[PDB]
$ cat my_file.pdb   # PDB, C-alpha atoms (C1' of nucleotides)
ATOM      1  CA  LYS U  13      13.926  -9.919  39.092
ATOM      2  CA  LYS U  14      16.349  -7.894  36.930
ATOM      3  CA  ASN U  15      14.827  -4.763  38.534
ATOM      4  CA  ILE U  16      14.478  -3.282  35.077
ATOM      5  CA  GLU U  17      12.442  -0.169  36.003
ATOM      6  CA  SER U  18      12.056   0.816  32.334
ATOM      7  CA  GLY U  19      10.199  -0.388  29.276
ATOM      8  CA  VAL U  20       7.531   0.262  26.663
ATOM      9  CA  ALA U  21       3.903  -0.849  26.404
ATOM     10  CA  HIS U  22       2.688  -2.377  23.133
ATOM     11  CA  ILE U  23      -1.039  -2.100  22.407
ATOM     12  CA  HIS U  24      -2.570  -4.213  19.634
ATOM     13  CA  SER U  25      -6.295  -3.451  19.389
ATOM     14  CA  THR U  26      -8.388  -4.764  16.519
ATOM     15  CA  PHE U  27     -12.125  -4.714  15.896
ATOM     16  CA  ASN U  28     -12.840  -7.829  17.948
ATOM     17  CA  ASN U  29     -10.090  -8.205  20.572
ATOM     18  CA  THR U  30      -7.401  -6.268  22.441
ATOM     19  CA  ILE U  31      -3.887  -7.305  23.492
ATOM     20  CA  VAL U  32      -1.482  -5.348  25.674
ATOM     21  CA  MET U  33       2.063  -6.608  26.176
ATOM     22  CA  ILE U  34       4.606  -4.742  28.305
ATOM     23  CA  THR U  35       8.223  -5.403  27.385
ATOM     24  CA  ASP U  36      11.414  -3.713  28.503
ATOM     25  CA  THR U  37      13.315  -1.038  26.590
ATOM     26  CA  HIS U  38      14.328  -3.678  24.047
ATOM     27  CA  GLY U  39      12.575  -6.805  22.853
ATOM     28  CA  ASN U  40      12.290  -9.545  25.461
ATOM     29  CA  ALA U  41       8.857  -9.711  27.074
ATOM     30  CA  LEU U  42       7.937  -9.503  30.759
ATOM     31  CA  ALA U  43       4.151  -9.497  31.182
ATOM     32  CA  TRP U  44       1.119  -9.574  28.904
ATOM     33  CA  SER U  45      -2.635 -10.059  28.915
ATOM     34  CA  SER U  46      -5.675  -9.869  26.650
ATOM     35  CA  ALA U  47      -9.442  -9.796  26.959
ATOM     36  CA  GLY U  48      -9.770 -13.493  26.183
ATOM     37  CA  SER U  49      -7.459 -14.398  29.065
ATOM     38  CA  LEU U  50     -10.000 -12.728  31.368
ATOM     39  CA  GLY U  51     -12.830 -15.187  30.715
ATOM     40  CA  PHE U  52     -14.563 -12.797  28.292
ATOM     41  CA  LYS U  53     -15.954 -14.313  25.101
ATOM     42  CA  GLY U  54     -17.114 -13.304  21.645
ATOM     43  CA  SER U  55     -18.582  -9.830  21.265
ATOM     44  CA  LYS U  56     -17.425  -8.397  24.593
ATOM     45  CA  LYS U  57     -13.728  -8.760  23.798
ATOM     46  CA  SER U  58     -13.824  -5.329  22.108
ATOM     47  CA  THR U  59     -15.487  -3.081  24.686
ATOM     48  CA  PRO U  60     -13.037  -0.770  26.469
ATOM     49  CA  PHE U  61     -13.674  -2.320  29.893
ATOM     50  CA  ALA U  62     -11.943  -5.451  28.634
ATOM     51  CA  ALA U  63      -8.961  -3.292  27.732
ATOM     52  CA  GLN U  64      -9.238  -1.738  31.194
ATOM     53  CA  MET U  65      -8.851  -4.973  33.103
ATOM     54  CA  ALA U  66      -6.288  -6.369  30.666
ATOM     55  CA  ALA U  67      -4.082  -3.320  31.109
ATOM     56  CA  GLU U  68      -4.491  -3.829  34.848
ATOM     57  CA  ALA U  69      -3.566  -7.507  34.795
ATOM     58  CA  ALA U  70      -0.442  -6.629  32.831
ATOM     59  CA  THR U  71       0.693  -3.692  34.991
ATOM     60  CA  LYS U  72       0.076  -5.487  38.298
ATOM     61  CA  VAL U  73       2.666  -8.064  37.215
ATOM     62  CA  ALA U  74       5.085  -5.737  35.463
ATOM     63  CA  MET U  75       5.470  -3.660  38.627
ATOM     64  CA  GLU U  76       5.881  -6.908  40.573
ATOM     65  CA  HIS U  77       9.392  -6.706  39.104
ATOM     66  CA  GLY U  78      10.025  -2.973  39.534
ATOM     67  CA  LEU U  79       8.907  -0.652  36.766
ATOM     68  CA  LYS U  80       8.121   3.029  36.374
ATOM     69  CA  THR U  81       9.297   4.203  32.952
ATOM     70  CA  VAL U  82       7.071   3.208  30.031
ATOM     71  CA  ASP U  83       6.072   4.435  26.587
ATOM     72  CA  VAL U  84       3.056   3.532  24.479
ATOM     73  CA  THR U  85       3.166   2.374  20.861
ATOM     74  CA  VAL U  86      -0.363   1.689  19.632
ATOM     75  CA  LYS U  87      -0.906  -0.526  16.606
ATOM     76  CA  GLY U  88      -4.379  -1.794  15.972
ATOM     77  CA  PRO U  89      -6.922   0.620  14.534
ATOM     78  CA  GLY U  90      -9.621  -0.334  17.029
ATOM     79  CA  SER U  91     -11.551   1.366  19.834
ATOM     80  CA  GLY U  92     -10.273   0.897  23.399
ATOM     81  CA  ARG U  93      -6.767   2.160  22.690
ATOM     82  CA  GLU U  94      -7.124   5.056  25.151
ATOM     83  CA  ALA U  95      -8.933   3.137  27.883
ATOM     84  CA  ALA U  96      -5.838   0.954  27.847
ATOM     85  CA  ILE U  97      -3.741   4.048  28.605
ATOM     86  CA  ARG U  98      -6.047   5.401  31.300
ATOM     87  CA  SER U  99      -5.700   2.067  33.072
ATOM     88  CA  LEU U 100      -1.952   2.042  32.367
ATOM     89  CA  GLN U 101      -1.342   5.259  34.318
ATOM     90  CA  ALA U 102      -3.972   5.090  37.081
ATOM     91  CA  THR U 103      -2.698   1.796  38.543
ATOM     92  CA  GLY U 104       0.882   2.961  39.036
ATOM     93  CA  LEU U 105       2.965   3.202  35.879
ATOM     94  CA  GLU U 106       4.801   6.278  34.591
ATOM     95  CA  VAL U 107       3.629   6.813  31.003
ATOM     96  CA  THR U 108       5.635   9.483  29.178
ATOM     97  CA  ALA U 109       5.388   8.737  25.430
ATOM     98  CA  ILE U 110       2.470   8.003  23.136
ATOM     99  CA  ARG U 111       3.120   7.080  19.507
ATOM    100  CA  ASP U 112       1.083   5.520  16.714
ATOM    101  CA  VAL U 113       2.495   2.564  14.780
ATOM    102  CA  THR U 114      -0.014   1.591  12.124
ATOM    103  CA  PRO U 115       1.293  -0.164   9.010
ATOM    104  CA  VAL U 116       0.400   1.932   5.993
ATOM    105  CA  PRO U 117       1.309   0.300   2.673
ATOM    106  CA  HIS U 118       2.352   2.553  -0.183
ATOM    107  CA  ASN U 119      -0.072   0.604  -2.422
ATOM    108  CA  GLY U 120       1.569  -2.817  -2.504
ATOM    109  CA  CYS U 121      -0.791  -5.733  -1.792
ATOM    110  CA  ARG U 122      -4.389  -6.469  -2.712
ATOM    111  CA  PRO U 123      -7.114  -6.726  -0.046
ATOM    112  CA  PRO U 124      -9.928  -9.309   0.098
ATOM    113  CA  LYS U 125     -13.444  -9.204  -1.363
ATOM    114  CA  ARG U 126     -15.969  -6.699  -0.071
ATOM    115  CA  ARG U 127     -18.589  -8.480   2.041
ATOM    116  CA  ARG U 128     -22.202  -8.474   0.806
ATOM    117  CA  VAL U 129     -24.114  -8.396   4.089
TER     118      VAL U 129
ATOM    119  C1'   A T   1     -26.295  32.041 -77.007
ATOM    120  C1'   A T   2     -22.262  32.018 -73.455
ATOM    121  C1'   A T   3     -24.095  33.139 -67.044
ATOM    122  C1'   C T   4     -23.319  28.495 -64.579
ATOM    123  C1'   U T   5     -21.049  22.968 -64.263
ATOM    124  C1'   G T   6     -17.085  20.157 -67.428
ATOM    125  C1'   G T   7     -12.206  20.723 -70.903
ATOM    126  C1'   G T   8      -7.420  23.961 -72.547
ATOM    127  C1'   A T   9      -3.617  28.044 -71.825
ATOM    128  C1'   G T  10      -2.333  31.251 -67.906
ATOM    129  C1'   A T  11      -2.245  34.398 -63.198
ATOM    130  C1'   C T  12      -3.196  35.021 -57.333
ATOM    131  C1'   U T  13      -2.853  33.955 -51.593
ATOM    132  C1'   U T  14      -6.852  33.761 -47.655
ATOM    133  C1'   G T  15      -7.419  26.863 -47.524
ATOM    134  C1'   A T  16      -3.295  23.142 -47.091
ATOM    135  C1'   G T  17       1.741  22.209 -46.250
ATOM    136  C1'   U T  18       7.257  23.943 -45.482
ATOM    137  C1'   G T  19      11.169  27.101 -43.177
ATOM    138  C1'   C T  20      12.769  30.227 -38.733
ATOM    139  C1'   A T  21      11.937  31.244 -32.975
ATOM    140  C1'   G T  22       9.754  29.279 -28.787
ATOM    141  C1'   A T  23       6.253  26.154 -24.921
ATOM    142  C1'   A T  24       3.778  22.164 -22.074
ATOM    143  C1'   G T  25       2.862  16.950 -21.058
ATOM    144  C1'   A T  26       0.962   9.575 -16.186
ATOM    145  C1'   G T  27       2.116   9.702 -25.361
ATOM    146  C1'   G T  28       5.052   4.856 -26.797
ATOM    147  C1'   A T  29       9.513   1.012 -26.794
ATOM    148  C1'   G T  30      14.100  -0.842 -24.100
ATOM    149  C1'   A T  31      17.385  -1.253 -19.963
ATOM    150  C1'   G T  32      18.581  -0.560 -14.677
ATOM    151  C1'   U T  33      17.197   1.105  -9.754
ATOM    152  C1'   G T  34      14.235   2.891  -4.500
ATOM    153  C1'   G T  35      11.224   2.801  -0.109
ATOM    154  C1'   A T  36       6.350   1.250   2.707
ATOM    155  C1'   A T  37       3.665  -2.966   3.554
ATOM    156  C1'   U T  38       1.854  -8.612   3.253
ATOM    157  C1'   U T  39       3.887 -13.787   3.274
ATOM    158  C1'   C T  40       7.589 -17.446   4.525
ATOM    159  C1'   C T  41      12.375 -18.494   6.938
ATOM    160  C1'   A T  42      16.281 -17.925  11.165
ATOM    161  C1'   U T  43      17.320 -16.456  16.097
ATOM    162  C1'   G T  44      16.309 -14.173  21.432
ATOM    163  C1'   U T  45      12.268 -13.078  25.335
ATOM    164  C1'   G T  46       7.798 -14.960  26.436
ATOM    165  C1'   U T  47       3.016 -17.708  28.877
ATOM    166  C1'   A T  48      -2.283 -19.979  27.384
ATOM    167  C1'   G T  49      -4.813 -18.570  24.050
ATOM    168  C1'   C T  50      -5.400 -16.640  18.932
ATOM    169  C1'   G T  51      -8.511 -16.063  14.950
ATOM    170  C1'   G T  52     -13.553 -15.248  13.331
ATOM    171  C1'   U T  53     -19.393 -13.663  13.612
ATOM    172  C1'   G T  54     -25.740 -10.767  13.823
ATOM    173  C1'   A T  55     -24.183 -15.615  17.544
ATOM    174  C1'   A T  56     -21.277 -19.564  16.794
ATOM    175  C1'   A T  57     -18.211 -23.327  14.631
ATOM    176  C1'   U T  58     -14.374 -25.303  11.228
ATOM    177  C1'   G T  59      -8.937 -23.680  11.556
ATOM    178  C1'   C T  60      -3.849 -22.684  14.176
ATOM    179  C1'   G T  61      -1.589 -23.706  19.443
ATOM    180  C1'   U T  62       2.132 -26.429  25.186
ATOM    181  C1'   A T  63       6.586 -30.590  18.789
ATOM    182  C1'   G T  64       5.654 -23.698  22.389
ATOM    183  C1'   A T  65       0.975 -20.223  18.716
ATOM    184  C1'   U T  66      -0.433 -14.923  18.748
ATOM    185  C1'   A T  67       2.666 -10.759  20.453
ATOM    186  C1'   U T  68       7.592  -8.691  20.473
ATOM    187  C1'   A T  69      12.919  -7.612  18.803
ATOM    188  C1'   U T  70      16.951  -8.234  14.954
ATOM    189  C1'   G T  71      18.469 -10.474  10.031
ATOM    190  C1'   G T  72      17.271 -12.806   5.143
ATOM    191  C1'   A T  73      14.159 -14.401   0.477
ATOM    192  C1'   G T  74      11.092 -13.736  -3.092
ATOM    193  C1'   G T  75       6.942 -11.515  -5.909
ATOM    194  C1'   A T  76       3.457  -7.804  -7.227
ATOM    195  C1'   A T  77       1.540  -2.719  -6.777
ATOM    196  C1'   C T  78       3.586   2.409  -6.637
ATOM    197  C1'   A T  79       0.926   6.396  -0.101
ATOM    198  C1'   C T  80       1.475  12.140   0.153
ATOM    199  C1'   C T  81       2.006  14.963  -4.705
ATOM    200  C1'   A T  82      -3.472  14.536  -6.990
TER     201        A T  82
END
$ encode --input "my_file.pdb" --output "C-alpha coordinates"
Amino acid sequence: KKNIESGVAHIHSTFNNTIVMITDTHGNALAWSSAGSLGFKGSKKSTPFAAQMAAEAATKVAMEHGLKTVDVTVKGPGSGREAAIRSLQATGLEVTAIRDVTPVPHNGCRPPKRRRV
RNA sequence: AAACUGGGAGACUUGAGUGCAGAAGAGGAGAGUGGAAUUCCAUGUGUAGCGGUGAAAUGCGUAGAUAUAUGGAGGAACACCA
(Lines of atoms letter the chains of each structure in order from A and count residues from 1; the text may use other names and numbers.)
(Lines give C-alpha, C1' and ligand atoms only; values in the text may rest on other atoms or scores of the structure.)
Protein backbone atom coordinates (compact mmCIF):
# COMPACT_ATOMS: atom_id res chain seq x y z
CA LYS A 1 0.00 0.00 0.00
CA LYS A 2 1.09 3.53 -0.98
CA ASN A 3 4.04 1.89 -2.79
CA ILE A 4 6.33 4.38 -1.10
CA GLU A 5 9.69 2.87 -2.17
CA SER A 6 11.63 5.40 -0.07
CA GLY A 7 12.28 6.12 3.58
CA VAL A 8 14.76 6.29 6.44
CA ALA A 9 15.63 3.83 9.20
CA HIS A 10 15.75 5.08 12.80
CA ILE A 11 17.96 3.12 15.21
CA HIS A 12 17.61 3.70 18.96
CA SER A 13 20.10 1.48 20.80
CA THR A 14 20.72 1.89 24.52
CA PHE A 15 22.71 -0.19 26.98
CA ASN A 16 19.91 -2.67 27.64
CA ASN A 17 17.62 -2.75 24.59
CA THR A 18 17.49 -1.93 20.88
CA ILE A 19 14.67 -0.48 18.76
CA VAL A 20 14.61 -0.07 15.00
CA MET A 21 11.73 1.76 13.34
CA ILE A 22 11.54 2.28 9.57
CA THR A 23 9.49 5.28 8.49
CA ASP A 24 9.10 6.93 5.12
CA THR A 25 10.92 10.04 3.93
CA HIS A 26 8.86 12.10 6.38
CA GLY A 27 7.37 11.23 9.74
CA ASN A 28 4.54 8.70 9.61
CA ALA A 29 5.64 5.19 10.56
CA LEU A 30 5.32 1.97 8.56
CA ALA A 31 7.03 -0.90 10.39
CA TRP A 32 9.00 -1.34 13.61
CA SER A 33 10.38 -3.98 15.95
CA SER A 34 12.57 -4.39 19.02
CA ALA A 35 14.36 -7.15 20.88
CA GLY A 36 11.60 -7.45 23.47
CA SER A 37 9.00 -8.10 20.77
CA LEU A 38 11.04 -11.18 19.83
CA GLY A 39 10.49 -13.05 23.09
CA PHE A 40 13.95 -12.09 24.41
CA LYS A 41 14.14 -11.01 28.05
CA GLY A 42 16.42 -9.15 30.43
CA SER A 43 20.14 -9.28 29.71
CA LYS A 44 19.95 -10.63 26.16
CA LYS A 45 18.08 -7.62 24.80
CA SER A 46 21.44 -5.89 24.20
CA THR A 47 23.47 -8.47 22.29
CA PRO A 48 23.79 -7.69 18.57
CA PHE A 49 21.93 -10.84 17.49
CA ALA A 50 18.78 -9.30 18.96
CA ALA A 51 19.40 -6.26 16.77
CA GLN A 52 19.96 -8.66 13.87
CA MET A 53 16.57 -10.31 14.07
CA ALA A 54 14.79 -7.07 14.95
CA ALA A 55 16.19 -5.37 11.86
CA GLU A 56 15.01 -8.41 9.91
CA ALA A 57 11.49 -8.37 11.32
CA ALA A 58 11.23 -4.70 10.41
CA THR A 59 12.61 -4.98 6.86
CA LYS A 60 10.56 -8.06 5.97
CA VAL A 61 7.42 -5.97 6.55
CA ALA A 62 8.66 -2.68 5.15
CA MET A 63 9.43 -4.33 1.81
CA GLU A 64 6.01 -6.00 1.98
CA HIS A 65 4.87 -2.53 0.87
CA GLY A 66 7.60 -1.77 -1.68
CA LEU A 67 10.78 -0.16 -0.44
CA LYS A 68 14.35 0.22 -1.64
CA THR A 69 15.64 3.67 -0.67
CA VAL A 70 16.61 4.07 2.99
CA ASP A 71 18.99 6.07 5.16
CA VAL A 72 20.21 5.38 8.68
CA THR A 73 20.10 7.84 11.57
CA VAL A 74 21.52 6.21 14.70
CA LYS A 75 20.68 7.63 18.11
CA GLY A 76 21.44 5.51 21.11
CA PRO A 77 25.05 5.22 22.23
CA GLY A 78 24.91 1.45 22.60
CA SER A 79 26.55 -1.58 20.97
CA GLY A 80 24.64 -3.34 18.18
CA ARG A 81 24.21 -0.24 16.03
CA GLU A 82 26.19 -1.74 13.14
CA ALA A 83 24.75 -5.25 13.35
CA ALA A 84 21.44 -3.50 12.77
CA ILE A 85 22.85 -2.09 9.52
CA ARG A 86 24.41 -5.35 8.35
CA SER A 87 20.99 -6.95 8.72
CA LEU A 88 19.36 -3.91 7.10
CA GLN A 89 21.28 -4.34 3.83
CA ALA A 90 21.70 -8.13 3.59
CA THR A 91 17.95 -8.88 3.62
CA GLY A 92 17.09 -6.60 0.70
CA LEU A 93 17.09 -2.89 1.47
CA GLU A 94 19.12 -0.20 -0.29
CA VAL A 95 21.04 1.66 2.42
CA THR A 96 22.79 4.78 1.12
CA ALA A 97 23.23 7.17 4.09
CA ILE A 98 24.59 6.70 7.59
CA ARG A 99 24.42 9.58 10.06
CA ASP A 100 24.79 9.93 13.82
CA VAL A 101 22.11 11.77 15.81
CA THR A 102 23.17 11.80 19.45
CA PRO A 103 21.85 14.61 21.65
CA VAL A 104 24.81 16.52 23.04
CA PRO A 105 23.84 19.23 25.53
CA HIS A 106 25.96 22.36 25.65
CA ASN A 107 26.04 21.99 29.47
CA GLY A 108 22.40 22.57 30.36
CA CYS A 109 20.90 19.97 32.71
CA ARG A 110 22.24 18.06 35.70
CA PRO A 111 22.65 14.26 35.61
CA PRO A 112 21.79 11.81 38.41
CA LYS A 113 23.93 10.49 41.27
CA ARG A 114 26.92 8.28 40.55
CA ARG A 115 26.14 4.69 41.55
CA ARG A 116 28.19 3.12 44.37
CA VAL A 117 28.34 -0.50 43.26
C1' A B 1 83.89 62.91 76.57
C1' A B 2 81.04 63.10 72.02
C1' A B 3 81.24 57.46 68.29
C1' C B 4 76.34 55.43 68.63
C1' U B 5 70.52 55.80 70.00
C1' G B 6 67.06 60.27 71.29
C1' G B 7 66.08 66.16 70.55
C1' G B 8 66.93 71.13 67.28
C1' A B 9 68.36 73.89 62.59
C1' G B 10 69.45 72.51 57.68
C1' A B 11 70.86 69.74 52.94
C1' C B 12 70.36 65.01 49.33
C1' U B 13 67.85 60.96 45.94
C1' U B 14 68.60 55.40 45.71
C1' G B 15 63.04 53.74 49.48
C1' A B 16 57.83 55.59 48.81
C1' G B 17 54.42 58.24 45.93
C1' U B 18 53.05 61.73 41.46
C1' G B 19 53.25 63.28 36.15
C1' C B 20 53.99 61.72 30.76
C1' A B 21 53.78 57.21 26.95
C1' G B 22 52.12 52.40 26.44
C1' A B 23 50.19 46.73 27.48
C1' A B 24 47.30 42.33 29.06
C1' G B 25 43.10 40.10 31.58
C1' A B 26 36.57 34.06 33.26
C1' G B 27 38.45 41.43 38.53
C1' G B 28 33.33 43.62 40.31
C1' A B 29 27.96 45.98 39.80
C1' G B 30 23.53 46.85 36.44
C1' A B 31 20.56 46.05 32.12
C1' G B 32 19.24 43.20 27.65
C1' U B 33 20.05 39.02 24.36
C1' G B 34 21.64 33.57 21.67
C1' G B 35 21.90 28.37 20.53
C1' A B 36 22.22 22.79 22.21
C1' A B 37 19.74 19.64 25.32
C1' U B 38 15.94 17.66 29.43
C1' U B 39 10.61 18.14 30.94
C1' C B 40 5.44 19.13 29.93
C1' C B 41 1.66 20.47 26.23
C1' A B 42 -0.80 20.19 21.00
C1' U B 43 -1.31 17.62 16.45
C1' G B 44 -0.25 13.51 12.37
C1' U B 45 1.62 8.17 11.51
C1' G B 46 1.89 4.03 14.26
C1' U B 47 1.26 -1.43 16.75
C1' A B 48 2.26 -4.34 21.84
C1' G B 49 5.50 -3.43 24.70
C1' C B 50 8.70 0.16 27.38
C1' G B 51 11.68 1.00 31.41
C1' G B 52 15.18 -1.12 34.86
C1' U B 53 19.24 -5.01 37.12
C1' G B 54 24.66 -8.97 39.04
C1' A B 55 18.90 -11.41 38.23
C1' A B 56 14.38 -9.57 39.13
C1' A B 57 10.29 -6.59 40.76
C1' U B 58 7.65 -1.90 41.85
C1' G B 59 6.33 1.83 37.77
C1' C B 60 4.07 3.58 32.72
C1' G B 61 0.80 1.17 28.55
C1' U B 62 -4.72 -0.88 24.12
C1' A B 63 -8.73 6.00 27.95
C1' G B 64 -3.40 3.98 22.58
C1' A B 65 2.69 4.03 25.80
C1' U B 66 7.81 3.95 23.84
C1' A B 67 9.40 5.55 18.86
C1' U B 68 8.77 9.23 15.04
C1' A B 69 7.55 14.22 12.60
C1' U B 70 6.07 19.60 13.18
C1' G B 71 4.71 23.76 16.69
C1' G B 72 4.55 26.05 21.75
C1' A B 73 5.88 27.00 27.34
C1' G B 74 8.81 27.58 31.04
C1' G B 75 13.38 27.16 34.05
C1' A B 76 18.50 26.38 34.95
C1' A B 77 23.58 25.63 33.11
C1' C B 78 26.88 27.79 29.25
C1' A B 79 29.85 22.00 24.42
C1' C B 80 34.35 23.17 21.00
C1' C B 81 37.70 27.48 22.42
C1' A B 82 40.54 25.33 27.19
$ residues_around --input "my_file.pdb" --residues "stretch 61-72 of chain T" --least-positions-apart "5" --cutoff "12 Å" --atoms "all atoms listed in the file" --output "PyMOL selection string"
(chain U and resi 20-25+29-46+85+87) or (chain T and resi 40-51)
$ axis_aligned_box --input "my_file.pdb" --around "stretch 25-33 of chain T" --padding-each-side "8 Å" --output "JSON"
{"center_x": 9.8, "center_y": 7.8, "center_z": -18.3, "size_x": 33.6, "size_y": 34.2, "size_z": 33.0}
$ atom_distance --input "my_file.pdb" --atom1 "atom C1' of residue T:36" --atom2 "atom CA of residue U:122"
14.3 Å
$ atom_distance --input "my_file.pdb" --atom1 "atom CA of residue U:55" --atom2 "atom CA of residue U:124"
22.9 Å
$ resolve_selection --input "my_file.pdb" --expression "the PyMOL selection byres ((chain U and resi 108-121) around 12)" --output "number ranges by chain"
U: 18-26, 80-90, 93-94, 96-97, 100-101, 105-107, 122-124; T: 35-39, 75-80
$ write_last_selection --input "my_file.pdb" --atoms "C-alpha atoms (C1' of nucleotides)" --output "PDB file, in the frame of the given file"
ATOM      1  CA  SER U  18      12.056   0.816  32.334  1.00  0.00           C
ATOM      2  CA  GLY U  19      10.199  -0.388  29.276  1.00  0.00           C
ATOM      3  CA  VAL U  20       7.531   0.262  26.663  1.00  0.00           C
ATOM      4  CA  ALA U  21       3.903  -0.849  26.404  1.00  0.00           C
ATOM      5  CA  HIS U  22       2.688  -2.377  23.133  1.00  0.00           C
ATOM      6  CA  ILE U  23      -1.039  -2.100  22.407  1.00  0.00           C
ATOM      7  CA  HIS U  24      -2.570  -4.213  19.634  1.00  0.00           C
ATOM      8  CA  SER U  25      -6.295  -3.451  19.389  1.00  0.00           C
ATOM      9  CA  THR U  26      -8.388  -4.764  16.519  1.00  0.00           C
ATOM     10  CA  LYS U  80       8.121   3.029  36.374  1.00  0.00           C
ATOM     11  CA  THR U  81       9.297   4.203  32.952  1.00  0.00           C
ATOM     12  CA  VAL U  82       7.071   3.208  30.031  1.00  0.00           C
ATOM     13  CA  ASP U  83       6.072   4.435  26.587  1.00  0.00           C
ATOM     14  CA  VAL U  84       3.056   3.532  24.479  1.00  0.00           C
ATOM     15  CA  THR U  85       3.166   2.374  20.861  1.00  0.00           C
ATOM     16  CA  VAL U  86      -0.363   1.689  19.632  1.00  0.00           C
ATOM     17  CA  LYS U  87      -0.906  -0.526  16.606  1.00  0.00           C
ATOM     18  CA  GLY U  88      -4.379  -1.794  15.972  1.00  0.00           C
ATOM     19  CA  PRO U  89      -6.922   0.620  14.534  1.00  0.00           C
ATOM     20  CA  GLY U  90      -9.621  -0.334  17.029  1.00  0.00           C
ATOM     21  CA  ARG U  93      -6.767   2.160  22.690  1.00  0.00           C
ATOM     22  CA  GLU U  94      -7.124   5.056  25.151  1.00  0.00           C
ATOM     23  CA  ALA U  96      -5.838   0.954  27.847  1.00  0.00           C
ATOM     24  CA  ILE U  97      -3.741   4.048  28.605  1.00  0.00           C
ATOM     25  CA  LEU U 100      -1.952   2.042  32.367  1.00  0.00           C
ATOM     26  CA  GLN U 101      -1.342   5.259  34.318  1.00  0.00           C
ATOM     27  CA  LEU U 105       2.965   3.202  35.879  1.00  0.00           C
ATOM     28  CA  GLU U 106       4.801   6.278  34.591  1.00  0.00           C
ATOM     29  CA  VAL U 107       3.629   6.813  31.003  1.00  0.00           C
ATOM     30  CA  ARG U 122      -4.389  -6.469  -2.712  1.00  0.00           C
ATOM     31  CA  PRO U 123      -7.114  -6.726  -0.046  1.00  0.00           C
ATOM     32  CA  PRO U 124      -9.928  -9.309   0.098  1.00  0.00           C
TER      33      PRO U 124
ATOM     34  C1'   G T  35      11.224   2.801  -0.109  1.00  0.00           C
ATOM     35  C1'   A T  36       6.350   1.250   2.707  1.00  0.00           C
ATOM     36  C1'   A T  37       3.665  -2.966   3.554  1.00  0.00           C
ATOM     37  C1'   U T  38       1.854  -8.612   3.253  1.00  0.00           C
ATOM     38  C1'   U T  39       3.887 -13.787   3.274  1.00  0.00           C
ATOM     39  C1'   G T  75       6.942 -11.515  -5.909  1.00  0.00           C
ATOM     40  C1'   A T  76       3.457  -7.804  -7.227  1.00  0.00           C
ATOM     41  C1'   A T  77       1.540  -2.719  -6.777  1.00  0.00           C
ATOM     42  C1'   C T  78       3.586   2.409  -6.637  1.00  0.00           C
ATOM     43  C1'   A T  79       0.926   6.396  -0.101  1.00  0.00           C
ATOM     44  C1'   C T  80       1.475  12.140   0.153  1.00  0.00           C
TER      45        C T  80
END
$ resolve_selection --input "my_file.pdb" --expression "the PyMOL selection byres ((chain T and resi 56) around 12)" --output "MDAnalysis selection string"
(chainID U and resid 53:55) or (chainID T and resid 52:55 57:58)
$ write_last_selection --input "my_file.pdb" --atoms "C-alpha atoms (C1' of nucleotides)" --output "PDB file, in the coordinates of the input"
ATOM      1  CA  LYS U  53     -15.954 -14.313  25.101  1.00  0.00           C
ATOM      2  CA  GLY U  54     -17.114 -13.304  21.645  1.00  0.00           C
ATOM      3  CA  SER U  55     -18.582  -9.830  21.265  1.00  0.00           C
TER       4      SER U  55
ATOM      5  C1'   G T  52     -13.553 -15.248  13.331  1.00  0.00           C
ATOM      6  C1'   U T  53     -19.393 -13.663  13.612  1.00  0.00           C
ATOM      7  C1'   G T  54     -25.740 -10.767  13.823  1.00  0.00           C
ATOM      8  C1'   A T  55     -24.183 -15.615  17.544  1.00  0.00           C
ATOM      9  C1'   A T  57     -18.211 -23.327  14.631  1.00  0.00           C
ATOM     10  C1'   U T  58     -14.374 -25.303  11.228  1.00  0.00           C
TER      11        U T  58
END
$ atom_distance --input "my_file.pdb" --atom1 "atom CA of residue U:129" --atom2 "atom CA of residue U:58"
21.0 Å
$ residues_around --input "my_file.pdb" --residues "residue U:59" --least-positions-apart "2" --cutoff "9 Å" --atoms "all atoms listed in the file" --output "list in words"
residues 28, 29, 30, 55, 56, 57, 61, 62, 63, 91 and 92 of chain U
$ resolve_selection --input "my_file.pdb" --expression "the PyMOL selection byres ((chain U and resi 69) around 9)" --output "PyMOL selection string"
chain U and resi 43-46+50+64-68+70-74
$ closest_residue --input "my_file.pdb" --among "U:51, U:78, U:60, U:104" --to "chain T" --atoms "all atoms listed in the file"
U:51
